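A quick write-up on the structure given underneath.
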Amino acid sequence: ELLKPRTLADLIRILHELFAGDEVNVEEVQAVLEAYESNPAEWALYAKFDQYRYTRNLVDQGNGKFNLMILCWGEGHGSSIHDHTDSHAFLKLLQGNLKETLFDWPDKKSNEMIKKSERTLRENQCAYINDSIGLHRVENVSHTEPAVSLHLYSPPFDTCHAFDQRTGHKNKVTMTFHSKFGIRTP
Ligand SMILES: [Cl-]
Ligand SMILES: [Fe+3]
């Protein structure tokens, strides 16, 4: 039974229940993430920015079946075009706006990757992607406002592929954590 999370801590407790089993009800998880009303004081600990690129800040290690982290996007910071390594990927905006651009998986032939669509994700909205849906790029296109997002990945994963927009060629990258549980992790 899905109740409104009262706080981030409450959301985390609820997520541990929703991931107690071996499968994932995507619509239920998205609904509870969306229902949490971002309260900046509850997540300030994790909102550690870097001047030059977006940061990944681990919030909860989950129960073996998922991770939860906070990503902090300075003005103009964005990602590569990338996949999510056969995992579910939920993205909830906590502050600001992000642009999500969707791409299809490339064919073996070297070719420009042309966007299939784009949308603006706004405060408190929860979006979802998986590899069957496609690849994406996420960017804070603002010149004046940092963005903060809450991401849930299931299963956890620590590598993905970045795709060259000119050719569709991919390269494996190891994803790193700027902090874990509020502690900077150089
Ligand atoms: Cl993501
Ligand atoms: Fe992503």
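Following the order of the structure tokens, first chain is A, next is B, and so on, with residues numbered from 1 inside each chain and ligands from 1 in the order they appear.
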
Give me, as an mmCIF file with N, CA, C and O atoms, in the first residue's frame, all polymer residues having an atom no more than 7 Å from residue A:82, counting only C-alpha atoms and skipping those fewer than 5 positions away in the same chain.
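Done, and the output landed in around-v8.cif:
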data_model
loop_
_atom_site.group_PDB
_atom_site.id
_atom_site.type_symbol
_atom_site.label_atom_id
_atom_site.label_comp_id
_atom_site.auth_asym_id
_atom_site.auth_seq_id
_atom_site.Cartn_x
_atom_site.Cartn_y
_atom_site.Cartn_z
ATOM 1 N N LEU A 135 18.591 5.391 -24.805
ATOM 2 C CA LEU A 135 19.706 6.084 -24.186
ATOM 3 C C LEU A 135 19.256 7.495 -23.912
ATOM 4 O O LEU A 135 18.274 7.964 -24.509
ATOM 5 N N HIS A 136 19.953 8.180 -23.014
ATOM 6 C CA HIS A 136 19.660 9.588 -22.811
ATOM 7 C C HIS A 136 20.882 10.413 -22.466
ATOM 8 O O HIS A 136 21.956 9.882 -22.167
ATOM 9 N N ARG A 137 20.693 11.721 -22.624
ATOM 10 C CA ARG A 137 21.597 12.743 -22.114
ATOM 11 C C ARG A 137 20.763 13.598 -21.192
ATOM 12 O O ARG A 137 19.618 13.889 -21.501
ATOM 13 N N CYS A 160 28.931 2.232 -17.010
ATOM 14 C CA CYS A 160 27.983 2.415 -18.105
ATOM 15 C C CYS A 160 28.767 2.750 -19.362
ATOM 16 O O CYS A 160 29.996 2.781 -19.339
ATOM 17 N N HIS A 161 28.059 2.973 -20.466
ATOM 18 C CA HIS A 161 28.680 3.379 -21.722
ATOM 19 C C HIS A 161 28.285 4.793 -22.044
ATOM 20 O O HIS A 161 27.110 5.179 -21.899
ATOM 21 N N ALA A 162 29.278 5.560 -22.475
ATOM 22 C CA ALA A 162 29.075 6.862 -23.090
ATOM 23 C C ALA A 162 29.175 6.689 -24.595
ATOM 24 O O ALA A 162 30.040 5.951 -25.102
ATOM 25 N N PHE A 163 28.289 7.363 -25.305
ATOM 26 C CA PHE A 163 28.195 7.231 -26.752
ATOM 27 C C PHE A 163 28.632 8.511 -27.443
ATOM 28 O O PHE A 163 28.255 9.612 -27.069
#

Output as a tab-separated table one row per residue of stretch 69-139 of chain A within 12 Å of stretch 147-152 of chain A: the closest atom pair and its distance in Å to one decimal place, counting only C-alpha atoms, sorted by chain and residue number ascending.
residue	atom	partner	partner_atom	distance
A:69	CA	A:151	CA	5.3
A:70	CA	A:150	CA	4.6
A:71	CA	A:149	CA	5.2
A:72	CA	A:148	CA	4.7
A:73	CA	A:147	CA	5.0
A:74	CA	A:147	CA	6.6
A:75	CA	A:147	CA	7.7
A:76	CA	A:147	CA	9.8
A:77	CA	A:147	CA	9.1
A:78	CA	A:147	CA	10.4
A:84	CA	A:152	CA	11.1
A:87	CA	A:152	CA	9.7
A:88	CA	A:152	CA	7.7
A:89	CA	A:152	CA	5.8
A:90	CA	A:152	CA	5.1
A:91	CA	A:151	CA	4.6
A:92	CA	A:150	CA	5.0
A:93	CA	A:149	CA	4.3
A:94	CA	A:149	CA	5.1
A:95	CA	A:148	CA	4.9
A:96	CA	A:147	CA	4.4
A:97	CA	A:147	CA	6.0
A:98	CA	A:147	CA	7.0
A:99	CA	A:147	CA	10.6
A:121	CA	A:149	CA	10.1
A:122	CA	A:147	CA	9.8
A:123	CA	A:149	CA	8.8
A:124	CA	A:149	CA	8.9
A:125	CA	A:149	CA	9.8
A:126	CA	A:150	CA	8.8
A:127	CA	A:151	CA	9.6
A:128	CA	A:152	CA	9.5
A:129	CA	A:152	CA	10.7
A:130	CA	A:152	CA	11.7
A:138	CA	A:149	CA	10.7
A:139	CA	A:147	CA	9.2

Exercise for the section: Mind giving me the straight-line distance from atom CA of residue A:155 to atom CA of residue A:108 in Å, one decimal? Expected result: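 It comes out at 27.3 Å.
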
Handout entry: Pick from A:24, A:18, A:68, A:8, whichever lies nearest to residue A:177 using only C-alpha atoms
Key =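 Among A:24, A:18, A:68, A:8, it is A:68 that comes nearest to residue A:177.
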
Practice task
Check the smallest atom-to-atom distance from each of A:56, A:166, A:4, A:178 to ligand 2 using only C-alpha atoms and all ligand atoms, then report the winner.
Solution key: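 Closest residue, counting only C-alpha atoms and all ligand atoms: A:56.
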
To test your reading of the structure, identify every residue in stretch 41-175 of chain A that backbone DSSP assigns to strand (DSSP E or B), and report it as an mmCIF file with N, CA and C atoms, in the first residue's frame.
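The resulting file, part.cif, is shown below:
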data_model
loop_
_atom_site.group_PDB
_atom_site.id
_atom_site.type_symbol
_atom_site.label_atom_id
_atom_site.label_comp_id
_atom_site.auth_asym_id
_atom_site.auth_seq_id
_atom_site.Cartn_x
_atom_site.Cartn_y
_atom_site.Cartn_z
ATOM 1 N N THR A 55 28.042 16.076 -9.867
ATOM 2 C CA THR A 55 28.531 15.142 -8.866
ATOM 3 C C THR A 55 27.464 14.126 -8.503
ATOM 4 N N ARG A 56 27.931 12.967 -8.061
ATOM 5 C CA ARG A 56 27.091 11.837 -7.671
ATOM 6 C C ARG A 56 27.311 11.534 -6.199
ATOM 7 N N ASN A 57 26.258 11.649 -5.399
ATOM 8 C CA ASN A 57 26.376 11.596 -3.937
ATOM 9 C C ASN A 57 25.480 10.505 -3.394
ATOM 10 N N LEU A 58 26.079 9.423 -2.887
ATOM 11 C CA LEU A 58 25.293 8.272 -2.438
ATOM 12 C C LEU A 58 24.546 8.615 -1.159
ATOM 13 N N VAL A 59 23.258 8.292 -1.157
ATOM 14 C CA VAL A 59 22.368 8.547 -0.040
ATOM 15 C C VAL A 59 22.049 7.259 0.718
ATOM 16 N N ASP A 60 21.695 6.197 -0.002
ATOM 17 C CA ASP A 60 21.345 4.941 0.636
ATOM 18 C C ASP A 60 21.801 3.809 -0.256
ATOM 19 N N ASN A 67 20.302 1.240 -5.344
ATOM 20 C CA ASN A 67 20.973 2.391 -4.746
ATOM 21 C C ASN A 67 20.110 3.637 -4.893
ATOM 22 N N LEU A 68 20.390 4.646 -4.072
ATOM 23 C CA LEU A 68 19.727 5.934 -4.125
ATOM 24 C C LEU A 68 20.797 6.997 -3.965
ATOM 25 N N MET A 69 20.845 7.943 -4.894
ATOM 26 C CA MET A 69 21.858 8.980 -4.838
ATOM 27 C C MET A 69 21.318 10.302 -5.310
ATOM 28 N N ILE A 70 22.044 11.349 -4.952
ATOM 29 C CA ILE A 70 21.700 12.715 -5.307
ATOM 30 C C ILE A 70 22.773 13.262 -6.230
ATOM 31 N N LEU A 71 22.326 13.753 -7.378
ATOM 32 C CA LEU A 71 23.221 14.343 -8.363
ATOM 33 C C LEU A 71 23.060 15.859 -8.372
ATOM 34 N N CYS A 72 24.191 16.559 -8.418
ATOM 35 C CA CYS A 72 24.230 18.013 -8.292
ATOM 36 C C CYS A 72 24.841 18.600 -9.545
ATOM 37 N N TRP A 73 24.053 19.403 -10.257
ATOM 38 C CA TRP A 73 24.396 19.882 -11.586
ATOM 39 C C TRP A 73 24.581 21.389 -11.527
ATOM 40 N N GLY A 78 26.220 18.851 -17.735
ATOM 41 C CA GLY A 78 25.430 17.786 -18.294
ATOM 42 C C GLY A 78 26.236 16.509 -18.427
ATOM 43 N N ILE A 81 25.757 11.116 -23.627
ATOM 44 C CA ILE A 81 24.713 10.188 -24.022
ATOM 45 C C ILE A 81 25.101 8.832 -23.445
ATOM 46 N N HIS A 82 24.208 8.204 -22.680
ATOM 47 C CA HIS A 82 24.589 6.986 -21.978
ATOM 48 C C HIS A 82 23.441 6.018 -21.742
ATOM 49 N N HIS A 88 17.016 -0.493 -13.959
ATOM 50 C CA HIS A 88 16.012 0.553 -13.871
ATOM 51 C C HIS A 88 16.666 1.845 -13.424
ATOM 52 N N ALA A 89 16.243 2.975 -13.987
ATOM 53 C CA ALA A 89 16.783 4.269 -13.606
ATOM 54 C C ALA A 89 15.678 5.289 -13.437
ATOM 55 N N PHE A 90 15.430 5.680 -12.194
ATOM 56 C CA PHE A 90 14.453 6.696 -11.868
ATOM 57 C C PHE A 90 15.159 8.005 -11.563
ATOM 58 N N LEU A 91 14.586 9.131 -11.990
ATOM 59 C CA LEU A 91 15.173 10.438 -11.812
ATOM 60 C C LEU A 91 14.103 11.390 -11.308
ATOM 61 N N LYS A 92 14.264 11.897 -10.100
ATOM 62 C CA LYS A 92 13.309 12.843 -9.540
ATOM 63 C C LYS A 92 13.982 14.174 -9.293
ATOM 64 N N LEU A 93 13.448 15.257 -9.815
ATOM 65 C CA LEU A 93 14.043 16.561 -9.584
ATOM 66 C C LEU A 93 13.750 17.035 -8.177
ATOM 67 N N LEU A 94 14.799 17.421 -7.455
ATOM 68 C CA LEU A 94 14.677 18.046 -6.133
ATOM 69 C C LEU A 94 14.782 19.568 -6.156
ATOM 70 N N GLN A 95 15.438 20.117 -7.175
ATOM 71 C CA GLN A 95 15.661 21.558 -7.294
ATOM 72 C C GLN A 95 16.025 21.848 -8.735
ATOM 73 N N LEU A 98 15.986 20.029 -15.445
ATOM 74 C CA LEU A 98 16.943 19.354 -16.307
ATOM 75 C C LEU A 98 16.295 19.058 -17.633
ATOM 76 N N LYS A 99 17.091 19.104 -18.687
ATOM 77 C CA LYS A 99 16.667 18.699 -20.017
ATOM 78 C C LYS A 99 17.113 17.264 -20.241
ATOM 79 N N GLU A 100 16.174 16.407 -20.620
ATOM 80 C CA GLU A 100 16.470 15.029 -20.961
ATOM 81 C C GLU A 100 16.270 14.862 -22.445
ATOM 82 N N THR A 101 17.304 14.410 -23.134
ATOM 83 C CA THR A 101 17.239 14.145 -24.561
ATOM 84 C C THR A 101 17.367 12.639 -24.753
ATOM 85 N N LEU A 102 16.426 12.066 -25.498
ATOM 86 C CA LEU A 102 16.408 10.621 -25.735
ATOM 87 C C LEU A 102 16.992 10.266 -27.084
ATOM 88 N N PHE A 103 17.720 9.159 -27.123
ATOM 89 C CA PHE A 103 18.324 8.636 -28.335
ATOM 90 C C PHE A 103 18.060 7.137 -28.446
ATOM 91 N N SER A 117 13.676 12.544 -29.108
ATOM 92 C CA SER A 117 12.805 13.504 -28.451
ATOM 93 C C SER A 117 13.552 14.169 -27.324
ATOM 94 N N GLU A 118 12.960 15.229 -26.785
ATOM 95 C CA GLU A 118 13.493 15.900 -25.616
ATOM 96 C C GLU A 118 12.372 16.408 -24.730
ATOM 97 N N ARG A 119 12.661 16.543 -23.443
ATOM 98 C CA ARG A 119 11.717 17.158 -22.537
ATOM 99 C C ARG A 119 12.424 17.844 -21.404
ATOM 100 N N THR A 120 11.699 18.777 -20.816
ATOM 101 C CA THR A 120 12.151 19.502 -19.662
ATOM 102 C C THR A 120 11.521 18.865 -18.432
ATOM 103 N N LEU A 121 12.391 18.393 -17.535
ATOM 104 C CA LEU A 121 11.971 17.798 -16.276
ATOM 105 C C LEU A 121 11.993 18.893 -15.236
ATOM 106 N N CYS A 126 9.132 12.980 -11.448
ATOM 107 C CA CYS A 126 9.940 11.757 -11.530
ATOM 108 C C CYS A 126 9.828 11.142 -12.909
ATOM 109 N N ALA A 127 10.970 11.030 -13.582
ATOM 110 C CA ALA A 127 11.085 10.386 -14.887
ATOM 111 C C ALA A 127 11.730 9.017 -14.715
ATOM 112 N N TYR A 128 11.702 8.223 -15.776
ATOM 113 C CA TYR A 128 12.176 6.863 -15.745
ATOM 114 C C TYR A 128 12.780 6.499 -17.076
ATOM 115 N N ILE A 129 13.863 5.735 -17.044
ATOM 116 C CA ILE A 129 14.431 5.180 -18.257
ATOM 117 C C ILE A 129 14.979 3.788 -17.951
ATOM 118 N N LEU A 135 18.591 5.391 -24.805
ATOM 119 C CA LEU A 135 19.706 6.084 -24.186
ATOM 120 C C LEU A 135 19.256 7.495 -23.912
ATOM 121 N N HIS A 136 19.953 8.180 -23.014
ATOM 122 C CA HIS A 136 19.660 9.588 -22.811
ATOM 123 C C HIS A 136 20.882 10.413 -22.466
ATOM 124 N N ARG A 137 20.693 11.721 -22.624
ATOM 125 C CA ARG A 137 21.597 12.743 -22.114
ATOM 126 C C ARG A 137 20.763 13.598 -21.192
ATOM 127 N N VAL A 138 21.329 13.968 -20.057
ATOM 128 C CA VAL A 138 20.651 14.829 -19.098
ATOM 129 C C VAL A 138 21.537 16.039 -18.861
ATOM 130 N N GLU A 139 20.939 17.237 -18.878
ATOM 131 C CA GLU A 139 21.705 18.484 -18.795
ATOM 132 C C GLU A 139 20.982 19.556 -18.030
ATOM 133 N N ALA A 147 20.880 22.612 -10.457
ATOM 134 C CA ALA A 147 19.836 21.606 -10.350
ATOM 135 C C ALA A 147 20.311 20.493 -9.417
ATOM 136 N N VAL A 148 19.357 19.854 -8.755
ATOM 137 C CA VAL A 148 19.631 18.719 -7.865
ATOM 138 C C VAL A 148 18.593 17.669 -8.171
ATOM 139 N N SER A 149 19.033 16.444 -8.402
ATOM 140 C CA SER A 149 18.119 15.357 -8.704
ATOM 141 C C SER A 149 18.412 14.145 -7.824
ATOM 142 N N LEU A 150 17.381 13.338 -7.643
ATOM 143 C CA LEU A 150 17.414 12.148 -6.850
ATOM 144 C C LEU A 150 17.276 10.956 -7.794
ATOM 145 N N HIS A 151 18.250 10.056 -7.795
ATOM 146 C CA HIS A 151 18.278 8.937 -8.724
ATOM 147 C C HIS A 151 18.231 7.616 -7.983
ATOM 148 N N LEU A 152 17.441 6.680 -8.492
ATOM 149 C CA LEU A 152 17.344 5.338 -7.933
ATOM 150 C C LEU A 152 17.659 4.369 -9.050
ATOM 151 N N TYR A 153 18.638 3.510 -8.817
ATOM 152 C CA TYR A 153 19.048 2.515 -9.778
ATOM 153 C C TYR A 153 18.848 1.129 -9.196
ATOM 154 N N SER A 154 18.251 0.235 -9.970
ATOM 155 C CA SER A 154 18.041 -1.144 -9.518
ATOM 156 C C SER A 154 18.194 -2.125 -10.670
ATOM 157 N N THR A 159 29.260 0.886 -13.698
ATOM 158 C CA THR A 159 29.809 1.246 -15.002
ATOM 159 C C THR A 159 28.660 1.465 -15.962
ATOM 160 N N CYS A 160 28.931 2.232 -17.010
ATOM 161 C CA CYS A 160 27.983 2.415 -18.105
ATOM 162 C C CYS A 160 28.767 2.750 -19.362
ATOM 163 N N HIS A 161 28.059 2.973 -20.466
ATOM 164 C CA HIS A 161 28.680 3.379 -21.722
ATOM 165 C C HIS A 161 28.285 4.793 -22.044
ATOM 166 N N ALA A 162 29.278 5.560 -22.475
ATOM 167 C CA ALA A 162 29.075 6.862 -23.090
ATOM 168 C C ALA A 162 29.175 6.689 -24.595
ATOM 169 N N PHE A 163 28.289 7.363 -25.305
ATOM 170 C CA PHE A 163 28.195 7.231 -26.752
ATOM 171 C C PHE A 163 28.632 8.511 -27.443
ATOM 172 N N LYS A 170 30.625 3.448 -28.686
ATOM 173 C CA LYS A 170 30.513 3.526 -27.240
ATOM 174 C C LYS A 170 31.832 3.216 -26.557
ATOM 175 N N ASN A 171 31.979 3.793 -25.373
ATOM 176 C CA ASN A 171 33.111 3.522 -24.503
ATOM 177 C C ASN A 171 32.617 3.315 -23.081
ATOM 178 N N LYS A 172 33.148 2.299 -22.429
ATOM 179 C CA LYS A 172 32.784 1.961 -21.074
ATOM 180 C C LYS A 172 33.444 2.933 -20.106
ATOM 181 N N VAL A 173 32.661 3.467 -19.179
ATOM 182 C CA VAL A 173 33.171 4.391 -18.178
ATOM 183 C C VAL A 173 32.786 3.859 -16.797
ATOM 184 N N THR A 174 33.660 4.064 -15.821
ATOM 185 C CA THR A 174 33.368 3.699 -14.451
ATOM 186 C C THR A 174 32.795 4.925 -13.764
#

Exercise for the section: Would you please work out which residue, of A:21, A:64, A:146, A:5, is nearest to residue A:51 when using only C-alpha atoms? Expected result: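 Answer, going by the shortest atom-to-atom distance: A:146.
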
Practice task
Could you give me, as an MDAnalysis selection string, each residue of stretch 1-112 of chain A that DSSP assigns to alpha helix (DSSP H) when run on this structure's backbone?
Solution key: chainID A and resid 8:18 26:35 40:43

Would you mind exporting N, CA, C and O atoms of the selected residues as a short mmCIF file (atom, residue, chain, number, x, y, z; two decimals), in the first residue's frame?
data_model
loop_
_atom_site.label_atom_id
_atom_site.label_comp_id
_atom_site.auth_asym_id
_atom_site.auth_seq_id
_atom_site.Cartn_x
_atom_site.Cartn_y
_atom_site.Cartn_z
N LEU A 8 12.36 12.62 3.36
CA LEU A 8 13.29 11.79 2.62
C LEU A 8 13.54 10.49 3.37
O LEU A 8 13.58 9.43 2.78
N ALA A 9 13.70 10.56 4.68
CA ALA A 9 13.90 9.34 5.46
C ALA A 9 12.74 8.38 5.32
O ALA A 9 12.91 7.16 5.21
N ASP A 10 11.53 8.93 5.32
CA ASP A 10 10.33 8.13 5.12
C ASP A 10 10.30 7.52 3.71
O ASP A 10 9.94 6.37 3.53
N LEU A 11 10.68 8.31 2.71
CA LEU A 11 10.79 7.79 1.35
C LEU A 11 11.74 6.60 1.30
O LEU A 11 11.44 5.57 0.70
N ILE A 12 12.88 6.74 1.94
CA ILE A 12 13.87 5.66 1.94
C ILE A 12 13.28 4.39 2.57
O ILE A 12 13.46 3.29 2.05
N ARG A 13 12.55 4.54 3.67
CA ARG A 13 11.92 3.38 4.32
C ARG A 13 10.94 2.72 3.36
O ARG A 13 10.90 1.50 3.19
N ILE A 14 10.16 3.53 2.67
CA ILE A 14 9.18 3.01 1.73
C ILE A 14 9.85 2.27 0.58
O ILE A 14 9.38 1.22 0.15
N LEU A 15 10.96 2.81 0.10
CA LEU A 15 11.68 2.17 -0.99
C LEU A 15 12.24 0.81 -0.55
O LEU A 15 12.22 -0.14 -1.32
N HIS A 16 12.71 0.71 0.68
CA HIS A 16 13.16 -0.58 1.15
C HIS A 16 12.03 -1.60 1.12
O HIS A 16 12.27 -2.78 0.87
N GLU A 17 10.80 -1.17 1.36
CA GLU A 17 9.67 -2.08 1.26
C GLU A 17 9.40 -2.45 -0.20
O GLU A 17 9.18 -3.62 -0.53
N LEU A 18 9.43 -1.47 -1.10
CA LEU A 18 9.10 -1.72 -2.50
C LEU A 18 10.12 -2.57 -3.23
O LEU A 18 9.80 -3.20 -4.24
N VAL A 26 7.56 -0.57 -11.51
CA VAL A 26 8.08 0.72 -11.91
C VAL A 26 7.10 1.85 -11.66
O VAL A 26 7.49 2.92 -11.20
N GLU A 27 5.82 1.62 -11.94
CA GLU A 27 4.84 2.69 -11.79
C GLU A 27 4.61 3.05 -10.32
O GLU A 27 4.42 4.22 -10.01
N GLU A 28 4.66 2.06 -9.43
CA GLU A 28 4.54 2.30 -8.00
C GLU A 28 5.75 3.07 -7.48
O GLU A 28 5.62 4.00 -6.69
N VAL A 29 6.95 2.66 -7.89
CA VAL A 29 8.16 3.35 -7.45
C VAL A 29 8.18 4.80 -7.95
O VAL A 29 8.46 5.73 -7.20
N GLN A 30 7.84 5.00 -9.21
CA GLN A 30 7.78 6.36 -9.76
C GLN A 30 6.74 7.21 -9.00
O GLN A 30 6.99 8.39 -8.69
N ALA A 31 5.60 6.62 -8.69
CA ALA A 31 4.56 7.35 -7.99
C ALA A 31 5.00 7.80 -6.62
O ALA A 31 4.70 8.92 -6.22
N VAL A 32 5.69 6.94 -5.87
CA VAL A 32 6.11 7.33 -4.53
C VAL A 32 7.23 8.34 -4.59
O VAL A 32 7.25 9.27 -3.77
N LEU A 33 8.13 8.22 -5.57
CA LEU A 33 9.18 9.22 -5.73
C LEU A 33 8.57 10.57 -6.05
O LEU A 33 8.96 11.60 -5.47
N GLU A 34 7.60 10.60 -6.94
CA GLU A 34 6.97 11.85 -7.32
C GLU A 34 6.23 12.46 -6.13
O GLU A 34 6.26 13.66 -5.94
N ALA A 35 5.62 11.61 -5.30
CA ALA A 35 4.83 12.08 -4.16
C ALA A 35 5.66 12.71 -3.04
O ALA A 35 5.12 13.50 -2.28
N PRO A 40 14.49 20.92 0.90
CA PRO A 40 15.95 21.08 0.81
C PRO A 40 16.73 20.80 2.10
O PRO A 40 17.84 20.28 2.02
N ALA A 41 16.17 21.10 3.27
CA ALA A 41 16.89 20.85 4.51
C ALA A 41 17.17 19.38 4.70
O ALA A 41 18.19 19.02 5.31
N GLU A 42 16.29 18.51 4.20
CA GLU A 42 16.45 17.07 4.38
C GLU A 42 17.58 16.47 3.55
O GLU A 42 18.07 15.39 3.86
N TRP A 43 17.96 17.15 2.48
CA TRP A 43 18.98 16.60 1.60
C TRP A 43 20.20 17.50 1.42
O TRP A 43 21.10 17.16 0.65
#

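Compared by their closest atoms to ligand 2, and using only C-alpha atoms and all ligand atoms, the residues A:36, A:157, A:49, A:66 rank with A:157 nearest.
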
Practice task
Kindly indicate which residue among A:105, A:54, A:145, A:63 lies nearest to ligand 1, using only C-alpha atoms and all ligand atoms for the distances.
Solution key: A:54

Fill in the blank from the handout: Across A:131, A:2, A:50, A:111, the smallest distance to ligand 1, with only C-alpha atoms and all ligand atoms counted, is shown by A:131
